[PDB]
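Quick notes on the structure that follows.
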Amino acid sequence: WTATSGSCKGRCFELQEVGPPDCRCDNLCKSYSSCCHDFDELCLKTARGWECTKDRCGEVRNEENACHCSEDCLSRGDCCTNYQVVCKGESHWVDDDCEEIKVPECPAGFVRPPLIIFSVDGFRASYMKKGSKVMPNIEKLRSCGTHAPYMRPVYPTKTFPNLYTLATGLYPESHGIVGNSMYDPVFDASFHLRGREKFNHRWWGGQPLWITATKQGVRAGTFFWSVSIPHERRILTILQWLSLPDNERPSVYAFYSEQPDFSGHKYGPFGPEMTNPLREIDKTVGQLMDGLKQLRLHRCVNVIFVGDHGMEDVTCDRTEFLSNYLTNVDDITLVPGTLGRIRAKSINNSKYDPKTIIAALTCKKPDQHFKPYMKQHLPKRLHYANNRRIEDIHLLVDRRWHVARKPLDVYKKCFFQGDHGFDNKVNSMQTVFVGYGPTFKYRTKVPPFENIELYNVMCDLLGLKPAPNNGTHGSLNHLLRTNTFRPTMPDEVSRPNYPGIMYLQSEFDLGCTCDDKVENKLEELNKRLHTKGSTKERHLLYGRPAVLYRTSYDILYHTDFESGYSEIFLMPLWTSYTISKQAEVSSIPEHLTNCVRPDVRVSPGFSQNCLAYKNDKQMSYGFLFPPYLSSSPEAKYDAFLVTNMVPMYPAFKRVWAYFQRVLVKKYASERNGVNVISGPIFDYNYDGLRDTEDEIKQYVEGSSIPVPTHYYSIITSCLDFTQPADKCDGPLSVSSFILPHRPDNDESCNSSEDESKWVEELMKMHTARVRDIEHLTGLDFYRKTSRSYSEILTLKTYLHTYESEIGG
Ligand SMILES: *[C@@H]1O[C@H](CO)[C@@H](O[C@@H]2O[C@H](CO)[C@@H](O[C@@H]3O[C@H](CO[C@H]4O[C@H](CO)[C@@H](O)[C@H](O[C@H]5O[C@H](CO)[C@@H](O)[C@H](O)[C@@H]5O[C@H]5O[C@H](CO)[C@@H](O)[C@H](O)[C@@H]5O)[C@@H]4O)[C@@H](O)[C@H](O[C@H]4O[C@H](CO)[C@@H](O)[C@H](O)[C@@H]4O[C@H]4O[C@H](CO)[C@@H](O)[C@H](O)[C@@H]4O)[C@@H]3O)[C@H](O)[C@H]2NC(C)=O)[C@H](O)[C@H]1NC(C)=O
Ligand SMILES: O=C(OCc1ccc(OC(F)(F)F)cc1)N1C[C@@H]2CN(C(=O)c3ccc4[nH]nnc4c3)C[C@H]2C1
Ligand SMILES: [Ca+2]
Ligand SMILES: [Ca+2]
Ligand SMILES: [Cl-]
Ligand SMILES: [Cl-]
Ligand SMILES: [Cl-]
Ligand SMILES: [Cl-]
Ligand code: NA
Ligand SMILES: [Zn+2]
């Protein structure tokens with residue numbers, strides 16, 4: 001209950017929220033039904049519209065006007081945005097040439113360039129090119145400022161998860177907003193779009209920019225705008241705030257447009273009805289820049305024009321129903337649409353079983369338009385698992401489709417022609433980023449980047465220290481003229497041992513055999529050199545990875561590869577090797593098929609054993625450096641050392657063998673040599689972070705050999721591929737993956753076919769950033785290159801997406 005008897009008289013859009021129940025006059029009062037009786041009358045004036053006309057010039061101030069064209073309006077800070085154009089013969093901002101903004105040109109008493117975030121809902125990246133004829137103001141921001149061809153949103157590509165990721169720098173799994181609709185089983189509470197539950201603070205985790213700014217003494221305008229406040233009034237309110245006295249005036253502001261998303265849902269992303277909403281957005285940008293120009297702020301403010309996600313063509317006919325798959329359809333709750341999330345309808349149902357729900361949903365129809373996953377098996381690049389609000393069973397829905405529980409849900413709850421929410425690597429879900437202002441670069445294009453990185457830069461723009469977040473601070477320094485953040489590489493925590501030969505063959509009792517007893521300081525001085533690091537510069541191109549946690553490990557050198565071998569996990573953390581364009585693929589000789597060899601540098605006590613693998617009927621083993629790529633028959637024996645072996649399910653060995661035997665050489669051919677770093681990942685609590693030894697849930701039977709949940713590889717070459725990967729003088733090019741180590745290939749519906757028809761598609765789906773691997777392994781890569789550290793941070797956040805080029 002609000003006592004709405006006070007007045008908004010001189011308090012319209014006041015910046016401090018007054019507490020219940022004195023009545024409110026802010027942009028949130030509508031939402032709370034708490035506005036004073038006279039809010040509409042005083043604060044939402046509309047009389048005469050939004051533009052000055054010639055006859056209004058010099059007019060006597062009438063306070064009933066929505067905005068003013070009288071003489072004192074500039075200093076009251078409430079002229080119509082077109083005032084100086086119509087009444088003082090100025091030009092519109094968009095008609096002015098652009099002129100580099102080398103330094104902030106701010107009125108006296110500004111302590112820093114203000115930041116205005118202009119966010120547009122559903123603005124698909126390709127609208128920048130496709131609607132460019134109708135968006136002159138936006139086009140000028142983009143061509144004169146700093147722009148990316150697109151900005152990658154987070155998954156799911158829904159509105160609240162992405163705006164709040166923009167505000168926090170966090171994955172939805174960490175900030176808590178994991179969908180537009182949620183159930184938190186600890187609170188036993190549901191979050192919905194329609195309602196009041198959603199303002200409750202416990203939903204909203206992390207620290208959004210307005211809080212970061214406030215705690216560090218920088219004032220913020222309101223980030224939230226009520227749907228019914230027109231855009232023109234939002235712009236006028238921001239401009240009026242920008243006229244407040246120094247001590248009251250915020251330094252950071254946000255504007256939010258419901259368009260073009262709102263029309264895109266009804267008409268599809270390129271519906272003919274979409275031109276008008278894009279024109280209208282542009283006219284709004286124009287009104288903002290004209291207003292800044294009248295305030296002498298158009299070369300002072302940094303403006304970010306940013307979207308939350310794109311829009312895809314989706315219609316009612318393209319809906320999959322779970323009632324076509326499950327016999328038990330009424331025992332589940334589905335969160336439906338462009339993603340699916342499934343849990344039991346009642347926790348009292350002891351007959352509920354996820355494994356049979358998943359099996360019933362797996363590769364059941366030839367053309368099935370969704371794929372089920374337990375959340376821990378989703379591609380690690382989605383970072384969508386570590387939150388009790390995310391249901392264990394997830395459905396990744398194909399672009400252009402929906403999932404629903406039953407047909408009745410769709411026709412008794414087409415309505416719509418656009419939607420979003422799909423996998424955040426999908427081209428239609430990509431959105432926009434333009435930065436313009438003194439602090440951004442002039443006429444500069446930057447490569448695509450992810451929206452989790454912006455928070456850090458918004459902090460940089462405002463002189464704020466960012467709260468702990470998922471951006472990689474420094475990876476976007478190339479967008480900025482000044483205020484760059486110059487990080488130092490993290491310090492290596494554990495230093496390696498460099499073991500020499502210390503054990504005899506007969507000290508090992510590993511149950512391993514190898515056909516290797518047929519074997520001149522010619523090729524004997526030579527093999528000692530190799531074991532001491534002599535080819536190390538060929539195979540370790542960017543320095544050894546640093547270990548950022550406390551552990552005990554050994555560096556092992558070989559002719560064809562180098563590894564960091566963990567005495568704690570009994571297998572390498574990393575194995576590094578270079579394959580030139582000219583390298584040749586060989587087969588394992590018949591006599592060597594089952595050969596495993598003890599490594600006389602590493603104690604039996606810190607070695608795996610073949611017995612454990614014999615006894616474990618589920619688990620087999622693979623090798624990290626592949627025997628097929630050995631440089632010579634003699635070198636091949638090194639690839640069978642017990643210290644290069646790793647546990648692998650037979651089903652996964654099909655995937656790994658095709659990668660090692662076919663794809664590595666294929667990449668070396670295409671990229672002019674590659675350097676590969678591969679290793680194991682252990683993430684049994686699915687938090688995207690390396691597991692300690694006591695988190696490991698599965699061991700090779702009867703042994704202490706931990707089973708990885710994933711295997712990674714990072715494949716680096718020269719960005720200028722006329723130079724070979726081992727002699728590259730400039731920027732690097734990388735692609736990486738984090739493959740899940742699963743005992744079946746159920747994820748791949750074509751898996752009974754030859755690996756040539758399905759393994760590469762699987763790998764593409766599990767593409768990753770090098771930074772993702774760093775979190776998961778506690779390693780830091782690329783420590784010794786000839787590149788700037790910021791450029792290396794950018795390379796580590798790179799995601800190879802495999803989508804075709806954005807456009808047509
Ligand atoms: C992306 O970036 C983010 C941000 O940097 C990374 O997330 C951080 O990861 C850290 C490691 O997981 C984690 O640190 C922990 O902090 C605990 C205190 O946490 C509270 O305080 C902070 C600070 O204000 C706050 O941010 C937290 O907010 C979380 O929880 C609230 C309420 O649920 C949410 O509103 C909010 O959205 C956020 O949720 C997310 O994080 C939590 C984990 O905290 C998840 O459970 C959620 O699903 C969601 O993902 C908190 O309010 C601190 O208590 C922890 O210390 C324990 O563990 C260590 C183990 O060594 C030990 O030393 C301690 O003694 C303690 O152990 C005891 O508790 C154990 C577990 O209960 C118990 O088993 C033991 O026996 C012990 O008794 C820990 O240090 C940090 O909170 C999050 N921060 C955020 C914002 O998410 C994220 O990792 C990055 N992602 C990637 C891939 O890089
Ligand atoms: O006023 C707002 O914006 C604050 C802001 C700005 C920049 C921000 O970014 C940053 F912090 F970085 F500046 C953060 C918050 N908002 C955002 C909210 C969206 N919404 C929906 O009902 C909704 C909308 C579109 C959908 N499509 N499909 N389902 C949908 C559901 C209410 C709106 C009010
Ligand atoms: Ca076995
Ligand atoms: Ca983990
Ligand atoms: Cl959702
Ligand atoms: Cl299989
Ligand atoms: Cl550990
Ligand atoms: Cl596109
Ligand atoms: Na399969
Ligand atoms: Zn939408």
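Summing +1 for each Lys or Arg and -1 for each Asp or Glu among the other residues whose beta-carbon sits under 12 angstrom from that of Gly622 gives +3. With bins 10 Å wide beginning at 0, the percent of Cα pairs of region 94-205 falling in each bin runs 11, 30, 26, 22, 10, 1. With a Förster radius of 56 Å applied to the beta-carbon distance between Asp246 and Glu761, the computed FRET efficiency rounds to 0.45. A Förster distance of 30 Å, applied to the separation of the beta-carbon atoms of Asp330 and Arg400, puts the FRET efficiency at 0.60. In this simple spin-label approximation, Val111 and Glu280 carry label points 7 Å from Cα along the Cα→Cβ vector, and these lie 3.9 nm apart. By the rule of a C-alpha distance below 24 Å, with chain neighbours fewer than 8 residues away ignored, the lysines paired with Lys88 are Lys54, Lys140, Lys283, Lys293.
Taken about its Cα centre, region 77-172 carries a charge dipole of roughly 620 debye when the Cβ of each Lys and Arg holds +1 and the Cβ of each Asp and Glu holds -1. Between the listed residues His741, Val218, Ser751, the Cα displaced farthest toward the positive end of the dipole of the chain, a dipole computed from Cβ unit charges relative to the Cα centre, is found at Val218. Think of the chain as a dipole: +1 on every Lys or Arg Cβ, -1 on every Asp or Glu Cβ, centred on the Cα centre; then among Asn162, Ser552, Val646, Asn162 lies furthest on the positive end. Working from Cα pairs under 8 Å separated by at least six residues, relative contact order for region 40-172 is 14 percent. Counting every pair of alpha carbons in the chain, the share spaced more than 43 Å apart comes to 37 percent.
Highest average first, the peptides 439-451, 319-331 ordered by how many other beta carbon atoms sit within 10 Å of their residues are 439-451, 319-331. Ellipsoid fit via the Cα gyration tensor, region 623-683: semi-axes of 19, 16, 11 Å, each the root of five times an eigenvalue, largest first. Computing Rg and the Kirkwood Rh from the Cα coordinates of region 296-366 gives a ratio, Rg/Rh, of 1.31. Overall, the anisotropy analysis places region 1-120 in the oblate class: the square-rooted eigenvalues a ≥ b ≥ c of its C-alpha gyration tensor yield a/c not less than 1.5, with a/b not exceeding b/c. Expressed per residue, the C-alpha convex hull volume of region 411-495 stands at 221 Å³. Along its principal axes, region 331-486 has C-alpha extents of 60, 35, 29 angstrom, given from the largest down.
Note on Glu197 and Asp720: with the Förster distance fixed at 41 Å, the Cβ-Cβ geometry gives a FRET efficiency of about 0.15. Based on C-alpha pairs under 8 angstrom that are at least 6 apart in sequence, region 724-783 has a relative contact order of 37 percent.
What residues of region 513-555 lie in the reach of a label at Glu634, counting those whose backbone N is under 17 Å from a point 7 Å from the Cα along Cα→Cβ? Only 516-536 pass the distance filter.
Per-residue ellipticity at 222 nm computed for the chain from its helices equals -6000 deg cm²/dmol, with DSSP H segments shorter than 4 residues left out and the rest contributing -39,500 (n - 2.57).
Take the Cα of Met489, step 7 Å toward its Cβ, do the same at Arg528, and the gap between the two points is 3.2 nm. Computed over region 425-583, the quotient of the alpha carbon radius of gyration and 2.2 N^0.38 Å is 1.59.
Counting only Cα atoms, the size of region 166-206 along its three principal axes is 25, 21, 16 Å, in decreasing order.
Sparsely packed loop sites in region 569-664 (the GluC sites (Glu not before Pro) outside DSSP H, G, I, E and B with at most 13 other Cβ atoms within 10 Å) comprise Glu584. Net charge of the neighbourhood of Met135, taken over other residues with C-beta under 11 Å away and scored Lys/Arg +1, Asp/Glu -1, is +4.
When the charge dipole of the chain is built from unit charges on Cβ atoms (+1 for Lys and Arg, -1 for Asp and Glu) and taken about the Cα centre, the candidate among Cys25, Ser632, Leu779 whose Cα reaches farthest toward its positive end is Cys25.
When the P(r) of region 657-699 is calculated, the portion above 12 Å amounts to 69% of the C-alpha pairs. Over all alpha-carbon pairs in region 161-253, figure out the percentage whose distance exceeds 15 Å. Tail fraction, whole percent: 68. Is the shape of region 377-435 rounded, prolate or oblate, going by the alpha carbon gyration tensor and its root eigenvalues a ≥ b ≥ c, with a/c under 1.5 for rounded and a/b larger than b/c for prolate? Verdict is oblate for region 377-435.
Given charges of +1 on the Cβ of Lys and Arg and -1 on the Cβ of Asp and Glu, with all other atoms neutral, how large is the dipole of the chain about its Cα centre, in debye to the nearest 20?
460 debye
For region 543-661, DSSP calls about 95 percent of its internal beta bridges antiparallel. Along its principal axes, region 194-238 has C-alpha extents of 31, 31, 9 angstrom, given from the largest down.
Assuming charge only on the beta carbon of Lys and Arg (+1) and of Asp and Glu (-1), the dipole of region 608-727 about its Cα centre is about 620 debye to the nearest 20.
Its Cα gyration tensor gives region 704-808 an equivalent ellipsoid. The semi-axes, each the square root of 5 times an eigenvalue, are 28, 20, 13 Å from largest down. DSSP assigns beta bridges within the chain; of those with both partners inside it, close to 75 percent run antiparallel. For a 4.7 Å threshold on C-beta separation, the list of partnerless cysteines in the chain reads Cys459. Classify region 92-158 from the C-alpha gyration tensor, please: rounded if a/c falls under 1.5, else prolate or oblate depending on whether a/b exceeds b/c. Here region 92-158 falls in the oblate category. For region 594-620, the residues whose amide N sits under 20 Å from a probe point set 7 Å from the Cα of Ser506 along the beta carbon direction are 597-605. Here the relative contact order of region 569-723, from alpha carbon pairs under 8 Å that lie six or more residues apart, stands at 32 percent.
Within the set of other residues whose C-beta is less than 13 Å from the C-beta of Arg783, count the net charge using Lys and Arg as +1 and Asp and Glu as -1.
Surrounding charge for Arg783 is 0.
Listed cross-link partners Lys425/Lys636; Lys365/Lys665; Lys371/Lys412 are compared with a 30 Å cut-off, the Cα-Cα value being larger for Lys425/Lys636; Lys365/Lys665.
At q = 0.13, 0.19, 0.23 Å⁻¹, what log₁₀ I(q)/I(0) does a Debye calculation on the Cα points of region 620-734 give, no solvent, two decimals? Values, matching the q order: -0.63, -1.08, -1.26.
Bear in mind these aren't lab numbers, they're just calculated from the coordinates by the rules spelled out. As a convention, Cβ positions derive from the backbone with ideal geometry for all residues, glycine included, and neighbour counts pool all protein chains shown.
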